[PDB]
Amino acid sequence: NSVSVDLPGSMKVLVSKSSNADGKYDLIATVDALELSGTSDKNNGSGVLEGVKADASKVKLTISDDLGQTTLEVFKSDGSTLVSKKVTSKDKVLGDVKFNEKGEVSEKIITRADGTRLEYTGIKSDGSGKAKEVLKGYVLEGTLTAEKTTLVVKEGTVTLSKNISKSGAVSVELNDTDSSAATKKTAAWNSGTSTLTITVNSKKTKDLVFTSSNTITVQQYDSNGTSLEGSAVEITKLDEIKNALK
């Protein structure tokens, strides 16, 4: 009869055990109680399934040839304009996209494999919008442009800016409007190690590491200002970032 196949995005598809006279396989899936069906020229569960919501919206599920990726799309009732698109890629990263009345991207939520998120909302036609990074224990807020995402933490006269470029490269900068040379913070960014080193009064005070695990760690320097001391501590809430900027 049929073979159950496990799919990215918490879905399953039933594929026929044998092909039809055209050599094609039948596909069946139920996604949140909606029944979808289709035919494929592959036997592994890949291909295209379609259905129609109670409100007449068209639904299409596209499963890539190697089963690595699923795309779940909802359209207006004539099938021409997108309403939403949900993509799980082979790295299990989720892209959840909303479109406006004219089919232009208006919201995009990215869920990384570790569960952290980039939330882009109010997206305009120039690709600008509001931005939020949702990390384990805290959230960073800022803006999106076509050039970069900029997330901002403020403490006293210090502004910390985490940039994520259009290509995904992270850089961090720090700016202090403090005028006194004794207490003002400055900072240097090391792209090779994703580390921001803070300096006060010509001595290094701490390293903030922005890790590949989507965490931030802080480590102090010795009173001299040259050697790191102790070991790095992972930030677990926004107040601890603010503390590192004091």
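Take the two forms, find the largest set of C-alpha atoms that superpose within 1.5 Å, and that set is the rigid core. Residue numbers here begin at 1 and follow the sequence given.
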property	result
Which of 213-221 and 181-189 strays further in 5 other deposited structures of this protein - Cα RMS after rigid core alignment	181-189
149-157 against 67-75 - segment lying farther from this form in 5 other deposited structures of this protein (CA RMS, rigid core fit)	67-75
138-146 versus 99-107 - which carries the larger mean C-alpha B factor in the record	99-107
Of 171-179 and 116-124, the stretch whose C-alpha atoms average the higher B-factor in the entry	171-179
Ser37, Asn190, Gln69, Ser40, ranked by C-alpha B-factor: the highest one	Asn190
Per the PDB entry, maximal CA B factor within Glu155, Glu133, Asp91, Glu73	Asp91
Third of the chain, ranked by Cα B-factor, where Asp207 sits	lowest
Third of the chain, ranked by Cα B-factor, where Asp55 sits	highest
Ranked against its chain, the third holding the CA B-factor of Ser84	middle
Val200 - Cα temperature factor, lowest/middle/highest third of chain	highest
Where the record places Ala21 (Cα B-factor, split into thirds across the chain)	highest
